[PDB]
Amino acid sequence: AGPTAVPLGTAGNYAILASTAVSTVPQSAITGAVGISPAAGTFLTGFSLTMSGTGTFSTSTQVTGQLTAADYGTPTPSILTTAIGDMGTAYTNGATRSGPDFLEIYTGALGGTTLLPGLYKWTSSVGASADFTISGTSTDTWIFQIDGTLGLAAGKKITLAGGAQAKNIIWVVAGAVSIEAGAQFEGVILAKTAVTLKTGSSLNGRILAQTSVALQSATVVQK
């Protein structure tokens, strides 16, 4: 049940892929790669980077995986151009899907809900002021098309019920994404603009932002 998948292509190789900046207030805990392009590695800030021997990737104690930037040694720039391309394809694929199963459902107030598999369209901002559940089997899909901003309120959490997988949940957000302090998010975020994860928040999924990503001692676990 649910809509056809949004293939991420090589964007699915990153916990965080951004185009303009990635910032962190230590100590973030990222499991997976962090890539930035076409901005240079100087737009990865707060990571206390160490450039590795080849000059093609760097490391941070805040990242289990490699960081890469557009200015790093061949072949890292080419890798990242293809990843950024694949992110753009993915975002457009998800944003342009027709025939939603849910239209303006709950006026975009997801607190206390249990969301069944489907394509969801809101011509609005979406938010949750209370915990909510995404409920379906390990093979069910969700696409959340959001024309406005996406938020998740401080300390609030998204629960997976029924065997639902984060990698099967796609948030396609045109507006800014703000995950408030201590909140726990589930899903892949295909963001047209900025994404922010505030102090002690967590996300199981990926952050694929066409502008900036801002972390504040945040946990990002690739799914």
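Residues carry their position along the shown sequence, with the first being 1.
Among all modelled residues in this chain, the alpha-carbon of residue 218 has a temperature factor (C-alpha) in the lowest third. When the CA B factors of the chain's modelled residues are split into thirds, the value for residue 65 lands in the highest one. Placement of the Cα temperature factor of residue 185 within the chain: lowest third of the modelled residues, per the deposited record. Among the modelled residues of its chain, residue 98 has a C-alpha B-factor that falls in the highest third, as given in the PDB entry. Residue 149: CA B factor in the middle third of modelled residues in this chain (values from the PDB entry).
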